[PDB]
Amino acid sequence: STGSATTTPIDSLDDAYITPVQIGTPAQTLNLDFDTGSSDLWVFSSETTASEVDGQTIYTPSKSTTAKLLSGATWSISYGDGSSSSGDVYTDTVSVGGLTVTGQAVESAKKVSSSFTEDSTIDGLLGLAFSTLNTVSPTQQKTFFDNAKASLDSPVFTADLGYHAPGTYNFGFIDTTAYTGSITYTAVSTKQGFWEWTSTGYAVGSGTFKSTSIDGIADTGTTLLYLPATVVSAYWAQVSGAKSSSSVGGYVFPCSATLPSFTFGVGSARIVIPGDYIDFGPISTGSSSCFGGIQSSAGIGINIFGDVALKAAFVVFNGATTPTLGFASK
Ligand SMILES: C#CCN(C)Cc1nc(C2(O)CCNCC2)cs1
């Protein structure tokens, strides 16, 4: 089997991407944030605290003839931004772009933190990291990808995120028309449950390439590119007036600036992030200070190749017995 679904930015900044997901019988379509940095499929639901729902579409298991309560199973998760959610668990039929998994654990939120309530466009998350990170207790549950793997034509999914434009998640096949050149595959460590890999270095703008190992995770659920402070300082030093602002919480730059590109290494290959992809717009409406898309990872403990990096590439999440990551230019 295969599946293919379009993913769409939630706003003009590409803060996150939503993909329609069919849950239950008859189908209830929710727009979920596909997150390769976590491993829970959770949704706003009829059980979510009413004061914590503000415009989201909810999953109602009582209206699904295929829903079954997963008795005694609960879940509780926290993300890098301090957001959180928790609730009960059902199993139900879940379809993405024509690919159907029966008996998928669908984690129904009883509580969500404020950042989820405030984002009326995201109805939940669909985790695509390794199932060892799934938070369901006492019986840990498999991700949608893990459950689908045996049925897929090939045990892979691909992320082709757009720049201020829709893109595509494909399951079970590699669309050889979607990228230029070849896909360079690189080793993955699953020891922390992430799609964790090692970039071979970087360049800023037209500068020469600096060969250096940068361990990090491929995370479609993180907006920005978080890299070591040395690398990030070398990037922003090329932008007149750029500086790290403790009040804003990161590097800012004059909105009048045109930004240099940023290149990261994948083996001997190179992915070039155009400078415009690094511009996240005014810090507040009307401000002439703009927020940078490359930020320091020093406070988080891990480097994150988030959407800023991944949207410059066609990215293969290869879930073969020895998982690997592939990157192609596009
Ligand atoms: C701060 C800090 C330390 N870590 C929690 C930082 C991290 N946060 C994550 C994510 O939550 C980011 C969003 N997508 C899912 C994974 C992975 S590592």
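Residues numbered from 1 in each chain as written, not as in the entry; some residues may be left out. Heavy atoms only, no water. Residues with missing side-chain atoms left out of burial classes, pairs and counts.

By the method listed in its record, X-ray crystallography, this PDB entry was determined to a resolution of 1.20 Å.

Visitor: So what's going on with the site of the ligand? Residues and values would help.
Guide: As a structural note, the neighbourhood of the ligand is formed by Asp-35, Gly-37, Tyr-79, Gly-80, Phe-194, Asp-219, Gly-221, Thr-222, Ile-300 and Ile-302. At 3.0 Å from an oxygen atom of the ligand is found a main-chain nitrogen or oxygen belonging to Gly-80. For the ligand, a nitrogen atom lies 2.8 Å from a polar atom in the side chain of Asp-219. Taken by itself the ligand offers 450 Å² of open surface, and the protein chains cover 71% of this. Here the residues of the shell around the ligand are counted per class, giving four nonpolar, four polar and two charged. Residues lining the shell around the ligand come from more than one domain, with at least three contributed by each of domain 1 (5-174) and domain 2 (175-330). (Near = heavy atom within 4 Å. Polar contact = N/O pair within 3.5 Å; in protein donor to acceptor, adjacent residues only side chain to side chain. Areas by Shrake-Rupley, 256 points an atom, 1.4 Å probe, with all protein chains shown as cover. Nonpolar A, V, L, I, M, F, W, Y, C, P; charged D, E, K, R; others polar. Domains from an automatic or database assignment.)

Visitor: Can you lay out the side chain of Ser-38 for me, pointing to particular residues and giving the numbers?
Guide: Note that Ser-38 resides in the loop between β3 (28-35) and β4 (41-43). Here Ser-38 falls in the buried class, since its relative accessible area comes to 5%. Here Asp-35 takes part through its side chain, which lies 2.5 Å from a polar atom of the side chain of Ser-38. In this structure, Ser-38 is in contact with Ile-77, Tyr-79, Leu-125, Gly-127, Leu-128 and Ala-129, ignoring residues within four places of it in sequence. (Helix = DSSP H or I, 4+ residues; strand = E, 2+ residues; numbered from the N terminus. Buried < 20%, exposed > 50% of the residue type's maximum accessible area, 1.4 Å probe, protein only. Contact = heavy atoms within 4.5 Å.)

Visitor: For the sheet that holds strand β21 (residues 294-296), give the residues involved together with the corresponding values.
Guide: The strand order β18-β17-β12-β13-β22-β14-β21 describes an open sheet built from seven strands, whose pairing is mixed. Here the strands that pair on one side only, and so sit at the sheet edges, are β18 (269-273) and β21. When strand β14 (residues 225-227) meets strand β22 (residues 304-305), the two strands line up antiparallel, connected through two bridges. Note on β22: the bridge partner recorded for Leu-225 is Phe-305. Along the sheet, helix α3 (residues 229-236) makes contact with β12 (196-204), β13 (210-218), β14, β17 (262-266) and β21, crossing β21 at roughly 140°. (Pairing = 2+ DSSP bridges. Axes fitted to C-alpha atoms, helices over the stretch in contact; angles between N-to-C directions.)

Visitor: Just give me the short version of the environment of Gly-24, but keep the residues and values in it.
Guide: Within the secondary structure layout, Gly-24 lies in the loop between β2 (17-23) and β3. Taking relative accessible area as the criterion, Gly-24 reaches 11% and is therefore assigned buried. Placed 40 residues apart in sequence, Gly-24 and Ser-64 show a C-alpha to C-alpha distance of 5.0 Å. Not counting residues within four places of it along the chain, the set of residues in contact with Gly-24 comprises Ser-64, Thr-66, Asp-92 and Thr-93.

Visitor: Would you mind going over the pattern of salt bridges in detail, with residue names and values included?
Guide: Applying the stated criterion to the full structure yields two salt bridges. Across the salt bridge formed by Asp-14 and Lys-311, the nearest N and O atoms sit 2.9 Å from each other. Of this pair, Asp-14 sits in the loop between β1 (3-9) and β2 while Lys-311 sits in the loop between α4 (307-310) and β23 (313-318), placing them 297 residues apart in sequence. For the pair formed by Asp-14 and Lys-311, the shared burial category is buried. The salt bridge involving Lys-330 is made with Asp-160; its shortest N-O contact spans 2.8 Å. Remark: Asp-160 occurs in strand β9 (residues 156-160) and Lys-330 occurs in the segment after β24 (324-329); sequence separation between them is 170 residues. (Salt bridge = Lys/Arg side-chain N within 4 Å of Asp/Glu carboxyl O.)

Visitor: Go over the nonpolar core, please, and point to the residues and values.
Guide: Most often, soluble globular proteins keep nonpolar side chains buried together rather than apart. Counting 68 residues, the largest nonpolar core has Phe-171, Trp-236, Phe-262, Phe-264, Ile-273 and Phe-327 as the members making the most contacts within it. If you tally residues by element for this core, the top one is α3, at four residues. The residue makeup of this core includes at least three contributed by each of domain 1 (5-174) and domain 2 (175-330). The contacts of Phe-171, once residues within four sequence positions are left out, are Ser-1, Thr-2, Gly-3, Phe-34, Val-96, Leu-99, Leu-128, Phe-144, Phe-145, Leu-152, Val-156 and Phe-157. Of all hydrophobic cores here, the second largest spans 17 residues; its members include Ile-18, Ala-73, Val-89 and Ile-122. (Core = buried A, V, L, I, M, F, W, Y, C linked by side-chain atoms within 4.5 Å.)

Visitor: Any chance you could break down the domain arrangement of the protein for me, citing the residues and the numbers?
Guide: By domain assignment, the protein separates into domain 1 (5-174) and domain 2 (175-330). Contact residues are listed per partner, giving 30 residues for domain 1 and 33 residues for domain 2. Taken together, both faces of the contact between domain 1 and domain 2 bury some 2500 Å²; the carbon and sulfur share is 57%. Considering only the surface of domain 1 that becomes buried against domain 2, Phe-130, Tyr-163 and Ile-174 emerge as the three largest contributors, covering 28% of it. Between domain 1 and domain 2 we count two salt bridges in total. (Buried area = accessible area lost by both parts, 1.4 Å probe.)

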